[PDB]
Each structure stands twice: as C-alpha cells, then as structure tokens.
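# Summary of structural features
The lines below spell out each chain.
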Amino acid sequence: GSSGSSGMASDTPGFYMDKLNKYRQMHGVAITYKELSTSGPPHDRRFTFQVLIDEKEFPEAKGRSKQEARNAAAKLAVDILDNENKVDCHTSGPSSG
C-alpha cells in the first residue's frame, strides 16, 4: 500500500516526529513517546499518544493508528518548543528565610 501521489496534501511518514528528534539532538534533550490506552467507540478505535521532552509531560493526542497518533501528539509538542514558553510550576511563596 505505497504510492507516489503527492501534491496539495502531504502524507509524510511522521513529519513532526522527524522535527522532534532533529531538536532533541541539537539541543540535547530526552524525547519519549508514551503509549496511552485507546479511547472511542467499538467500531472506530482511536489510539492516544504523547511525548516527553526534558522530563516534561506534553498534551497527548488522538490518532487513527499508532502512527497517526504519535505524529499528532508531536504536533502539539513541536508547536510549543518553537516558542519555548513554559509556565512556572512551583510558585515561590513568602518563603524568605
């Protein structure tokens, strides 16, 4: 099931997933793809997936197949990195000493 028909739409085999690695190497971070359970109807099953960079938890994503899922999850991740705008987790309280 492999053809060479590409024009308006691009069906690259894991486009985003490729952008991640290219970043994990340059920067030097650790990217991990956690395989989440399946969610959806009995007829149509959607496999969820998520990526983890620098011990960070990214917003998983749904996808027809493991691939479609992984690629999607990466979309949200790569979209963030480009901005690298992370939100502070631990709020420095009155702790002064």
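The scheme used for residues numbers each chain from 1 in its written sequence order. That scheme is not guaranteed to match the entry numbering, and residues without coordinates are omitted from view. In computing side-chain values, all of the structure's heavy atoms are included and hydrogens and water are not.

The protein chain goes by Interferon-induced, double-stranded RNA-activated protein kinase in the PDB entry, where it is assigned to Mus musculus. For this structure, the PDB entry title reads "Solution structure of the first DSRM domain in Interferon-induced, double-stranded RNA-activated protein kinase".

### Notes on the sheet that holds strand β1 (residues 31–39)
Going by this rule: Two strands are said to pair when DSSP picks up at least two bridges between them. Strands here mean DSSP runs of E at least two residues long; helices mean DSSP runs of H or I at least four residues long; both are numbered from the N terminus. Fitted lines through C-alpha atoms give the axes, limited to the stretch in contact for helices. The angle between two N-to-C directions lies from 0 to 180 degrees. The contact criterion used throughout is that any non-hydrogen atoms of two residues lie within 4.5 Å.
Spatial ordering of the open sheet is given by β1-β2-β3, a layout of three strands whose pairing is antiparallel. Taken across any chain shown, the strands that pair with only one partner, and hence form the sheet edges, are β1 and β3 (61–63). Adjacent strand axes in the sheet meet at a mean angle of 30° when their direction is disregarded. Of the pairings in the sheet, the one linking strand β2 (residues 46–53) to β3 comprises three bridges and is antiparallel in character. By the bridge assignment, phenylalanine 49 is partnered in β3 with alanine 61. Lying on the sheet, helix α2 (residues 66–81) is in contact with β1, β2 and β3; it crosses β2 at an angle near 35°.

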